[PDB]
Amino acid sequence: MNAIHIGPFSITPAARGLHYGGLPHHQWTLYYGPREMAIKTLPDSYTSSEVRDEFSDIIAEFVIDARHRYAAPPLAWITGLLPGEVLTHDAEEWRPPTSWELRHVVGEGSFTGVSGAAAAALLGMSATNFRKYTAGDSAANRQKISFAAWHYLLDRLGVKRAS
């Protein structure tokens, strides 16, 4: 496979390839989480960066539509895509973000463009310690960001004021 992950978006190749014009091909699907966004059949000689370029315009259109739909700090529209329980200031009913929810706001392909190391620096923590927030393959056994650090990070990123 070797799926391509661009923030909260993913591009996945089909299990079984195809053949077109005497060359191997593959059907790639672009998803926003579970939501199927687009499909394109592309040659096998394509680098992953070439596939990312192929789907970048659909991603940018997603961003434009979300900016208009969820119109405050400059990136407040991102809060329209996050569940209320990760945004609430009631710590008793708050829950930490999932990896996908975090990748909405951290990562070069995130909607903020801020890398993991830069976000770690914004929180005063090492990049290796911040990497744990998206590490592993177990949601339940994955390091969770703290309430205070999450809301502080959302303030520093211009997504939601801590107020």
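Position 1 is the first residue in the sequence shown; the rest follow in order.
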Subject >> Deposited-sequence gap flanked by residue 71 and residue 72 >> reply: 4 to 9
Original post:
Between 55-63 and 99-107, which has the higher average C-alpha B-factor in the PDB entry?
Top reply: 55-63
Subject >> Segment of higher mean CA temperature factor, 24-32 or 108-116 >> reply: 24-32
Original post:
Can you tell me which of 154, 140, 148, 15 has the highest Cα temperature factor in the record?
Top reply: 15
Subject >> Cα B factor band for residue 130 (lowest, middle or highest third within the chain) >> reply: middle
